[PDB]
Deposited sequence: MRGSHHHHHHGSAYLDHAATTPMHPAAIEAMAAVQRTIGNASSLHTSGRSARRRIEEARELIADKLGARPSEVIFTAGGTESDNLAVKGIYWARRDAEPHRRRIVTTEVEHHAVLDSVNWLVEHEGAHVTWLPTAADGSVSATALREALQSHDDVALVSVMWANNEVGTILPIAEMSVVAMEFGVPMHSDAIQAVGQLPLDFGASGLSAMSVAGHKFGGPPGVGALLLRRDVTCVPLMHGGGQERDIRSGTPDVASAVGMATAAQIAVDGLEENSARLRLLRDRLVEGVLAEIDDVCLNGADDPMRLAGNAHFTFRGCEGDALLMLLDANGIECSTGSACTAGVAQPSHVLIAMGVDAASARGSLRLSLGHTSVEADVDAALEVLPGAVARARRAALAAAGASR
(Lines of atoms letter the chains of each structure in order from A and count residues from 1; the text may use other names and numbers.)
(Lines give C-alpha, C1' and ligand atoms only; values in the text may rest on other atoms or scores of the structure.)
Protein backbone atom coordinates (compact mmCIF):
# COMPACT_ATOMS: atom_id res chain seq x y z
CA UNK A 1 0.00 0.00 0.00
CA UNK A 2 0.94 3.57 -0.55
CA UNK A 3 0.09 4.74 2.95
CA UNK A 4 -0.80 8.46 3.02
CA UNK A 5 -2.89 8.53 6.19
CA UNK A 6 -0.05 9.43 8.61
CA UNK A 7 -2.16 12.12 10.34
CA UNK A 8 -4.63 9.45 11.43
CA UNK A 9 -1.75 7.30 12.78
CA UNK A 10 1.88 6.70 11.85
CA UNK A 11 3.84 3.37 12.00
CA UNK A 12 5.23 2.59 15.40
CA UNK A 13 9.04 2.90 15.51
CA UNK A 14 10.56 -0.62 15.50
CA UNK A 15 12.83 0.36 18.31
CA UNK A 16 9.81 1.48 20.45
CA UNK A 17 8.13 -1.91 19.85
CA UNK A 18 11.33 -3.49 21.09
CA UNK A 19 11.78 -1.29 24.18
CA UNK A 20 8.20 -1.92 25.13
CA UNK A 21 8.32 -5.72 24.70
CA UNK A 22 11.36 -5.77 26.99
CA UNK A 23 9.49 -3.94 29.78
CA UNK A 24 6.61 -6.37 29.32
CA UNK A 25 8.88 -9.30 30.12
CA UNK A 26 9.85 -7.98 33.55
CA UNK A 27 7.34 -8.19 36.44
CA UNK A 28 6.53 -5.29 38.63
CA UNK A 29 4.13 -2.68 39.63
CA UNK A 30 5.77 0.71 39.83
CA UNK A 31 3.54 1.45 42.91
CA UNK A 32 4.91 -1.54 44.84
CA UNK A 33 7.53 -1.31 47.60
CA UNK A 34 9.64 -4.36 46.84
CA UNK A 35 12.58 -4.74 44.46
CA UNK A 36 10.46 -5.39 41.36
CA UNK A 37 8.37 -2.36 42.27
CA UNK A 38 11.29 0.03 42.63
CA UNK A 39 12.73 -1.18 39.34
CA UNK A 40 9.52 -0.54 37.42
CA UNK A 41 9.33 2.78 39.24
CA UNK A 42 12.81 3.74 38.08
CA UNK A 43 12.04 2.72 34.50
CA UNK A 44 8.85 4.84 34.49
CA UNK A 45 10.77 7.80 35.97
CA UNK A 46 13.45 7.60 33.25
CA UNK A 47 10.80 7.56 30.56
CA UNK A 48 9.16 10.62 32.11
CA UNK A 49 12.46 12.52 32.09
CA UNK A 50 13.33 11.62 28.52
CA UNK A 51 9.86 12.78 27.47
CA UNK A 52 10.12 16.13 29.43
CA UNK A 53 13.59 16.71 28.02
CA UNK A 54 12.35 16.30 24.46
CA UNK A 55 9.30 18.50 24.97
CA UNK A 56 11.10 21.31 26.80
CA UNK A 57 9.35 20.48 30.09
CA UNK A 58 10.31 19.51 33.56
CA UNK A 59 9.84 15.86 34.48
CA UNK A 60 7.18 16.62 37.11
CA UNK A 61 5.14 18.42 34.43
CA UNK A 62 4.38 15.14 32.60
CA UNK A 63 1.14 13.38 33.49
CA UNK A 64 0.76 10.13 31.49
CA UNK A 65 -2.55 9.31 29.97
CA UNK A 66 -3.95 6.58 27.77
CA UNK A 67 -3.83 8.88 24.69
CA UNK A 68 -4.56 12.20 23.09
CA UNK A 69 -8.27 12.05 23.73
CA UNK A 70 -7.78 11.43 27.45
CA UNK A 71 -5.25 14.27 27.71
CA UNK A 72 -7.54 16.77 26.04
CA UNK A 73 -10.47 15.78 28.23
CA UNK A 74 -8.32 16.17 31.32
CA UNK A 75 -7.01 19.63 30.47
CA UNK A 76 -10.32 21.01 29.34
CA UNK A 77 -12.63 19.57 31.95
CA UNK A 78 -10.10 19.39 34.74
CA UNK A 79 -9.05 23.00 34.47
CA UNK A 80 -12.54 24.25 33.78
CA UNK A 81 -13.62 22.63 37.00
CA UNK A 82 -10.69 23.81 39.09
CA UNK A 83 -11.29 27.34 37.87
CA UNK A 84 -15.07 27.25 38.25
CA UNK A 85 -14.89 25.67 41.66
CA UNK A 86 -12.61 28.35 43.10
CA UNK A 87 -14.51 31.27 41.44
CA UNK A 88 -17.96 30.38 40.27
CA UNK A 89 -18.15 33.51 38.13
CA UNK A 90 -15.39 32.03 35.93
CA UNK A 91 -17.43 29.86 33.47
CA UNK A 92 -16.33 30.86 29.98
CA UNK A 93 -14.21 28.79 27.67
CA UNK A 94 -12.41 30.52 24.89
CA UNK A 95 -11.45 28.18 22.08
CA UNK A 96 -11.24 27.88 18.30
CA UNK A 97 -13.74 26.53 15.83
CA UNK A 98 -11.16 24.22 14.23
CA UNK A 99 -10.46 22.01 17.28
CA UNK A 100 -10.31 18.24 17.29
CA UNK A 101 -13.56 16.67 18.52
CA UNK A 102 -11.69 15.62 21.61
CA UNK A 103 -11.72 19.32 22.58
CA UNK A 104 -14.96 20.51 20.89
CA UNK A 105 -17.03 17.69 22.35
CA UNK A 106 -15.48 18.29 25.72
CA UNK A 107 -16.43 21.92 25.46
CA UNK A 108 -20.04 21.26 24.21
CA UNK A 109 -20.47 18.86 27.09
CA UNK A 110 -19.38 21.34 29.75
CA UNK A 111 -21.79 23.70 28.12
CA UNK A 112 -24.77 21.26 28.25
CA UNK A 113 -23.88 19.61 31.50
CA UNK A 114 -21.78 22.02 33.51
CA UNK A 115 -23.14 25.54 33.00
CA UNK A 116 -20.21 26.51 30.81
CA UNK A 117 -20.36 29.30 28.15
CA UNK A 118 -18.21 29.44 25.10
CA UNK A 119 -16.74 32.12 22.92
CA UNK A 120 -15.57 30.89 19.53
CA UNK A 121 -12.54 32.73 18.20
CA UNK A 122 -13.08 33.76 14.56
CA UNK A 123 -11.22 31.68 11.89
CA UNK A 124 -9.40 32.98 8.81
CA UNK A 125 -9.93 31.29 5.39
CA UNK A 126 -6.45 29.97 6.08
CA UNK A 127 -7.88 28.01 8.93
CA UNK A 128 -5.85 30.15 11.34
CA UNK A 129 -6.71 32.16 14.43
CA UNK A 130 -4.78 35.22 15.55
CA UNK A 131 -3.30 36.48 18.79
CA UNK A 132 -5.33 39.67 18.41
CA UNK A 133 -8.68 37.97 18.18
CA UNK A 134 -7.75 36.28 21.44
CA UNK A 135 -6.89 39.56 23.10
CA UNK A 136 -10.18 41.00 21.95
CA UNK A 137 -12.30 38.20 23.41
CA UNK A 138 -10.20 38.25 26.62
CA UNK A 139 -10.58 42.07 27.19
CA UNK A 140 -14.35 42.08 26.69
CA UNK A 141 -15.02 39.16 29.06
CA UNK A 142 -14.35 39.10 32.80
CA UNK A 143 -15.49 35.48 33.22
CA UNK A 144 -12.85 33.48 31.36
CA UNK A 145 -12.29 30.08 32.96
CA UNK A 146 -9.66 28.88 30.46
CA UNK A 147 -8.32 28.96 26.89
CA UNK A 148 -7.71 26.05 24.47
CA UNK A 149 -6.19 26.43 21.08
CA UNK A 150 -4.66 23.74 18.98
CA UNK A 151 -1.03 24.03 17.82
CA UNK A 152 -1.42 22.53 14.33
CA UNK A 153 -4.73 21.47 12.75
CA UNK A 154 -5.03 17.77 11.90
CA UNK A 155 -7.14 18.12 8.78
CA UNK A 156 -5.69 21.13 7.01
CA UNK A 157 -2.23 21.47 8.63
CA UNK A 158 -2.35 25.13 9.63
CA UNK A 159 0.12 25.96 12.34
CA UNK A 160 -1.27 28.47 14.92
CA UNK A 161 0.54 31.38 16.70
CA UNK A 162 0.65 29.68 20.18
CA UNK A 163 3.81 31.29 21.52
CA UNK A 164 2.38 34.72 21.09
CA UNK A 165 -1.14 33.70 22.08
CA UNK A 166 0.35 32.41 25.27
CA UNK A 167 1.95 35.69 26.29
CA UNK A 168 -1.55 37.16 25.81
CA UNK A 169 -3.19 34.66 28.12
CA UNK A 170 -0.51 35.18 30.70
CA UNK A 171 -1.29 38.90 30.59
CA UNK A 172 -4.90 38.36 31.62
CA UNK A 173 -4.06 35.71 34.22
CA UNK A 174 -5.84 33.02 32.26
CA UNK A 175 -4.53 29.42 32.04
CA UNK A 176 -4.08 28.35 28.41
CA UNK A 177 -4.13 24.80 27.10
CA UNK A 178 -3.01 23.69 23.68
CA UNK A 179 -3.59 20.45 21.86
CA UNK A 180 -0.14 19.72 20.32
CA UNK A 181 -0.94 16.25 19.24
CA UNK A 182 -0.06 17.01 15.61
CA UNK A 183 3.11 18.91 16.64
CA UNK A 184 5.48 16.46 18.35
CA UNK A 185 8.33 15.61 15.97
CA UNK A 186 6.84 17.84 13.31
CA UNK A 187 7.62 21.34 14.60
CA UNK A 188 9.81 22.67 17.48
CA UNK A 189 8.13 22.10 20.86
CA UNK A 190 9.23 23.84 24.06
CA UNK A 191 6.70 23.59 26.84
CA UNK A 192 8.68 25.72 29.30
CA UNK A 193 9.44 28.45 26.79
CA UNK A 194 5.82 28.57 25.45
CA UNK A 195 3.65 30.23 28.02
CA UNK A 196 1.38 27.23 28.29
CA UNK A 197 -0.41 26.17 31.46
CA UNK A 198 -1.17 22.80 29.85
CA UNK A 199 -0.31 20.88 26.71
CA UNK A 200 -1.61 17.60 25.20
CA UNK A 201 0.48 15.00 23.36
CA UNK A 202 -0.28 11.53 21.88
CA UNK A 203 2.17 8.66 21.36
CA UNK A 204 0.89 7.04 18.25
CA UNK A 205 1.04 10.18 16.33
CA UNK A 206 4.84 10.09 16.21
CA UNK A 207 5.58 6.38 16.18
CA UNK A 208 4.73 5.62 19.82
CA UNK A 209 2.45 2.86 21.16
CA UNK A 210 -1.14 3.49 20.73
CA UNK A 211 -3.16 4.04 23.92
CA UNK A 212 -0.65 6.26 25.60
CA UNK A 213 -0.28 9.95 25.90
CA UNK A 214 0.68 12.80 28.14
CA UNK A 215 -0.68 16.02 29.53
CA UNK A 216 2.17 18.53 30.21
CA UNK A 217 0.96 20.54 33.20
CA UNK A 218 2.55 23.33 35.15
CA UNK A 219 3.28 22.67 38.82
CA UNK A 220 0.91 25.42 39.93
CA UNK A 221 -2.19 24.82 37.82
CA UNK A 222 -4.99 23.11 39.63
CA UNK A 223 -6.75 20.38 37.59
CA UNK A 224 -9.66 18.35 38.89
CA UNK A 225 -9.05 14.66 38.01
CA UNK A 226 -11.23 12.65 35.61
CA UNK A 227 -9.86 9.27 36.92
CA UNK A 228 -9.84 8.62 40.78
CA UNK A 229 -7.88 7.18 42.97
CA UNK A 230 -5.39 7.44 44.55
CA UNK A 231 -3.65 9.76 42.25
CA UNK A 232 -0.64 7.82 41.15
CA UNK A 233 0.11 10.75 38.82
CA UNK A 234 0.63 13.80 40.95
CA UNK A 235 -2.85 13.25 42.28
CA UNK A 236 -4.28 14.32 38.87
CA UNK A 237 -4.76 11.04 37.03
CA UNK A 238 -5.16 7.65 38.78
CA UNK A 239 -4.72 4.08 37.46
CA UNK A 240 -1.76 1.67 37.82
CA UNK A 241 1.30 3.24 36.05
CA UNK A 242 1.73 1.68 32.56
CA UNK A 243 5.50 1.44 32.29
CA UNK A 244 5.75 -0.43 29.02
CA UNK A 245 3.68 2.23 27.25
CA UNK A 246 5.63 5.09 28.84
CA UNK A 247 8.91 3.53 27.78
CA UNK A 248 7.50 3.04 24.29
CA UNK A 249 6.42 6.68 24.07
CA UNK A 250 9.87 7.74 25.32
CA UNK A 251 11.92 5.88 22.71
CA UNK A 252 9.48 7.26 20.15
CA UNK A 253 9.66 10.79 21.52
CA UNK A 254 13.43 10.61 21.34
CA UNK A 255 13.72 9.34 17.77
CA UNK A 256 11.08 11.74 16.57
CA UNK A 257 12.36 14.97 18.21
CA UNK A 258 16.04 14.35 17.49
CA UNK A 259 15.05 13.88 13.79
CA UNK A 260 12.64 16.83 13.78
CA UNK A 261 14.86 19.08 11.51
CA UNK A 262 16.04 16.60 8.90
CA UNK A 263 12.57 15.00 8.67
CA UNK A 264 10.67 18.24 8.25
CA UNK A 265 12.94 19.16 5.34
CA UNK A 266 12.53 15.72 3.74
CA UNK A 267 8.68 15.84 3.97
CA UNK A 268 8.30 19.41 2.75
CA UNK A 269 9.95 18.47 -0.59
CA UNK A 270 7.82 15.33 -0.93
CA UNK A 271 4.68 17.24 -0.04
CA UNK A 272 5.32 20.21 -2.33
CA UNK A 273 5.96 17.86 -5.21
CA UNK A 274 2.62 16.21 -4.45
CA UNK A 275 0.72 19.52 -4.16
CA UNK A 276 2.27 20.68 -7.45
CA UNK A 277 1.51 17.45 -9.36
CA UNK A 278 -2.06 17.49 -8.05
CA UNK A 279 -2.94 21.06 -9.16
CA UNK A 280 -1.09 20.54 -12.52
CA UNK A 281 -3.06 17.46 -13.51
CA UNK A 282 -6.57 18.14 -12.13
CA UNK A 283 -9.17 20.80 -13.00
CA UNK A 284 -11.21 22.43 -10.20
CA UNK A 285 -9.11 21.44 -7.21
CA UNK A 286 -7.70 23.74 -4.53
CA UNK A 287 -5.37 23.44 -1.53
CA UNK A 288 -6.88 24.15 1.87
CA UNK A 289 -5.13 25.49 4.96
CA UNK A 290 -1.98 27.65 5.28
CA UNK A 291 1.23 28.08 3.20
CA UNK A 292 4.80 27.67 4.41
CA UNK A 293 6.02 28.32 6.89
CA UNK A 294 2.67 28.15 8.69
CA UNK A 295 1.75 24.57 7.66
CA UNK A 296 2.79 21.08 8.75
CA UNK A 297 5.52 19.67 6.55
CA UNK A 298 3.65 16.38 5.93
CA UNK A 299 0.17 17.66 5.17
CA UNK A 300 -1.78 18.04 1.94
CA UNK A 301 -5.48 18.93 1.83
CA UNK A 302 -7.69 19.34 -1.21
CA UNK A 303 -11.17 19.93 -2.23
CA UNK A 304 -12.08 18.51 -5.65
CA UNK A 305 -15.28 20.21 -6.99
CA UNK A 306 -18.16 17.83 -7.93
CA UNK A 307 -16.81 14.84 -5.98
CA UNK A 308 -17.96 12.90 -3.03
CA UNK A 309 -14.87 12.44 -0.83
CA UNK A 310 -16.07 8.90 0.10
CA UNK A 311 -16.24 7.71 -3.52
CA UNK A 312 -12.78 9.19 -3.99
CA UNK A 313 -11.28 7.42 -1.00
CA UNK A 314 -12.75 4.04 -2.11
CA UNK A 315 -11.40 4.37 -5.68
CA UNK A 316 -7.99 5.34 -4.37
CA UNK A 317 -8.11 2.45 -1.83
CA UNK A 318 -8.97 -0.03 -4.64
CA UNK A 319 -5.74 1.12 -6.32
CA UNK A 320 -3.53 0.79 -3.19
CA UNK A 321 -3.50 4.50 -2.21
CA UNK A 322 -4.57 4.90 1.47
CA UNK A 323 -5.72 8.26 2.68
CA UNK A 324 -8.62 10.01 4.37
CA UNK A 325 -11.40 12.63 3.95
CA UNK A 326 -10.39 14.15 7.30
CA UNK A 327 -13.71 14.35 9.19
CA UNK A 328 -19.41 17.66 6.51
CA UNK A 329 -16.04 18.89 7.96
CA UNK A 330 -16.65 21.42 10.75
CA UNK A 331 -13.14 22.66 9.93
CA UNK A 332 -13.92 23.45 6.31
CA UNK A 333 -17.22 25.04 7.39
CA UNK A 334 -15.21 27.19 9.80
CA UNK A 335 -12.91 28.33 6.97
CA UNK A 336 -15.98 29.58 5.12
CA UNK A 337 -15.99 26.82 2.50
CA UNK A 338 -19.59 25.68 1.80
CA UNK A 339 -21.35 22.35 2.51
CA UNK A 340 -21.64 21.23 -1.19
CA UNK A 341 -18.09 22.30 -2.12
CA UNK A 342 -16.66 20.71 1.06
CA UNK A 343 -17.86 17.14 0.63
CA UNK A 344 -15.24 16.84 -2.08
CA UNK A 345 -12.38 16.76 0.45
CA UNK A 346 -9.28 14.69 0.79
CA UNK A 347 -6.34 14.63 3.23
CA UNK A 348 -3.14 13.10 2.05
CA UNK A 349 -0.50 13.05 4.85
CA UNK A 350 3.11 11.84 5.10
CA UNK A 351 5.36 10.75 7.97
CA UNK A 352 8.61 9.04 8.91
CA UNK A 353 8.07 6.12 6.52
CA UNK A 354 7.06 8.00 3.36
CA UNK A 355 9.18 7.64 0.21
CA UNK A 356 9.28 9.09 -3.38
CA UNK A 357 7.17 6.24 -4.82
CA UNK A 358 4.23 7.02 -2.46
CA UNK A 359 4.00 10.35 -4.24
CA UNK A 360 4.53 8.87 -7.72
CA UNK A 361 1.68 6.46 -6.92
CA UNK A 362 -0.80 9.13 -5.77
CA UNK A 363 -0.16 11.24 -8.84
CA UNK A 364 -0.40 8.29 -11.21
CA UNK A 365 -3.66 7.08 -9.71
CA UNK A 366 -5.45 10.37 -8.98
CA UNK A 367 -6.68 11.74 -12.31
CA UNK A 368 -8.38 8.43 -13.21
CA UNK A 369 -9.93 8.37 -9.76
CA UNK A 370 -11.14 11.99 -9.70
CA UNK A 371 -12.74 11.42 -13.24
CA UNK A 372 -14.60 8.38 -12.00
CA UNK A 373 -15.79 10.14 -8.81
CA UNK A 374 -17.07 13.05 -10.86
CA UNK A 375 -18.90 10.68 -13.27
CA UNK A 376 -20.56 8.92 -10.35
CA UNK A 377 -21.54 12.17 -8.59
CA UNK A 378 -23.07 13.54 -11.84
CA UNK A 379 -25.88 11.09 -10.85
Original post:
Counting from 1 along the deposited sequence, what's missing?
Top reply: 1 to 11, 339 to 346, 399 to 404
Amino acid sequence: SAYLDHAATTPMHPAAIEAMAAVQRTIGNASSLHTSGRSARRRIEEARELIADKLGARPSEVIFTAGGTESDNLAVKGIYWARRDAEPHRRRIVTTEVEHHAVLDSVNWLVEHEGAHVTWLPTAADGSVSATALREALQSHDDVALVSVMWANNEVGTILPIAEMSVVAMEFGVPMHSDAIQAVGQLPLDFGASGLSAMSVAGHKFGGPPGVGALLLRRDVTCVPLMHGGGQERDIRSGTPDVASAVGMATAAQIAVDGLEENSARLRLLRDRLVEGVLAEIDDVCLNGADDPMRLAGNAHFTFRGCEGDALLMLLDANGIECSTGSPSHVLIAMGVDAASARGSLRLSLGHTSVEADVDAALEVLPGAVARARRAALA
From here on, numbers count along this sequence of modelled residues.
Original post:
Quick one: higher average CA temperature factor, 53 to 61 or 341 to 349?
Top reply: 341 to 349
Subject >> Between 67 to 75 and 95 to 103 (mean CA B-factor, as deposited), the higher >> reply: 95 to 103
**OP:** Using the temperature factors in the entry, find which of 199, 250, 202, 124 has the highest value at its Cα atom.
**Re:** 124
**OP:** Choose from 147, 156, 138, 227 the residue with the greatest Cα B-factor as stated in the PDB record.
**Re:** 138
**OP:** Would you mind ranking residue 192 by its C-alpha B-factor against the rest of the chain and naming the third, lowest, middle or highest?
**Re:** highest
Subject >> Third assignment of residue 378 from its chain's C-alpha B-factors >> reply: highest
Original post:
Relative to the other modelled residues in the chain, which third contains the C-alpha temperature factor of residue 238: lowest, middle or highest?
Top reply: lowest
**OP:** Within this chain's modelled residues, let me know which third the CA B factor of residue 16 belongs to: lowest, middle or highest.
**Re:** lowest
Original post:
Thinking about Cα B factors across the chain, which third does residue 370 belong to?
Top reply: lowest
